[PDB]
Amino acid sequence: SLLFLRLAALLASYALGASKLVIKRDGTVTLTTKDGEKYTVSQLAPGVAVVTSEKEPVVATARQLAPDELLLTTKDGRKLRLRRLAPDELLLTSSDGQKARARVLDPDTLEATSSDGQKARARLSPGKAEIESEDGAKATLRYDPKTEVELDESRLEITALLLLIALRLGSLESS
Numbered sequence: 002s003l004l005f006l007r008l009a010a011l012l013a014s015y016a017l018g019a020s021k022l023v024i025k026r027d028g029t030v031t032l033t034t035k036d037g038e039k040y041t042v043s044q045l046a047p048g049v050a051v052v053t054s055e056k057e058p059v060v061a062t063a064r065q066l067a068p069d070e071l072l073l074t075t076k077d078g079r080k081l082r083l084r085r086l087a088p089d090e091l092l093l094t095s096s097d098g099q100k101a102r103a104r105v106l107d108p109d110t111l112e113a114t115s116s117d118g119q120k121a122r123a124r125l126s127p128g129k130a131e132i133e134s135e136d137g138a139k140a141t142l143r144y145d146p149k150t151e152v153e154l155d156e157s158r159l160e161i162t163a164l165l166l167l168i169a170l171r172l173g174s175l176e177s178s
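Given below as structure tokens:
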């Protein structure tokens, strides 16, 4: 499905430090780091996707462990875990033990909190979401003319908010 692949791509964007993620309507998923390294994300199975670069065929694998739980493992073995706690709340856990909890505050506002107390907020508008912390990191999601995400930095809670937004958009991001 498109939703699994979108979630896998956002998780890989964190694990590989992507600065940009582009998903086209035909399904191509490309991640770019701030210095220009490219990765591709491909669905191999229901609930299985891999991240490929030109030098390394499989740098990370994402697996749907359960209907509410997704796991991404890099080649070197570090793990990034997505746990949907409720239709409006999820938990993101990295292999170093940091966590971020994201939740819907109101129809157009979402908020996330990390382990050390940092907070971020997402503001939704038709065709777009704008994510900002007090820590100054920003991210933008555009799904109006399939989806693009631009990251100023790689924060765990910004990623958790993007994952919650993707989970709530469903098929609204198909084209």
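Using the authors' numbering, the letters of the sequence shown correspond one by one to residues 2 to 146, 149 to 178. In this text, a Cβ means the ideal position worked out from N, Cα and C, and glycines have one as well.
Could you check if residue i is buried or exposed, using at least 16 other CB atoms within 10 Å of its CB as the buried criterion?
| i | result |
| --- | --- |
| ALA87 | exposed |
| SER178 | exposed |
| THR29 | exposed |
| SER2 | exposed |
| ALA13 | buried |
| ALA121 | buried |
The beta strand (DSSP E) with residue i in it runs from where to where?
| i | result |
| --- | --- |
| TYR40 | 39 to 46 |
| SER115 | 110 to 115 |
| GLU70 | 70 to 75 |
| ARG64 | 61 to 67 |
Give me the Cβ distance between residue i and residue j, rounded to the nearest whole Å; I'm assuming they're in contact under 8 Å.
| i | j | result |
| --- | --- | --- |
| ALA50 | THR34 | Between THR34 and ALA50 the Cβ distance is about 19 Å, and since that is not below 8 Å, they are no contact. |
| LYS39 | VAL59 | With a Cβ gap of about 15 Å, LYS39 and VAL59 do not count as contacting. |
| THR162 | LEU6 | With 8 Å as the limit, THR162 and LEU6 do not qualify as a contact, their Cβ atoms being about 16 Å apart. |
Along the alpha helix (DSSP H) that carries residue i, what are the first and last residues, could you check?
| i | result |
| --- | --- |
| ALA140 | Taken as a continuous stretch (DSSP letters only), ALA140 belongs to no alpha helix (DSSP H), being part of the beta strand (DSSP E) at 139 to 143. |
Beta carbon of residue i, beta carbon of residue j: below 8 Å?
| i | j | result |
| --- | --- | --- |
| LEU142 | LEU91 | no |
| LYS25 | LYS129 | no |
| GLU160 | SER95 | no |
| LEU32 | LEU22 | yes |
| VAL152 | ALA138 | no |
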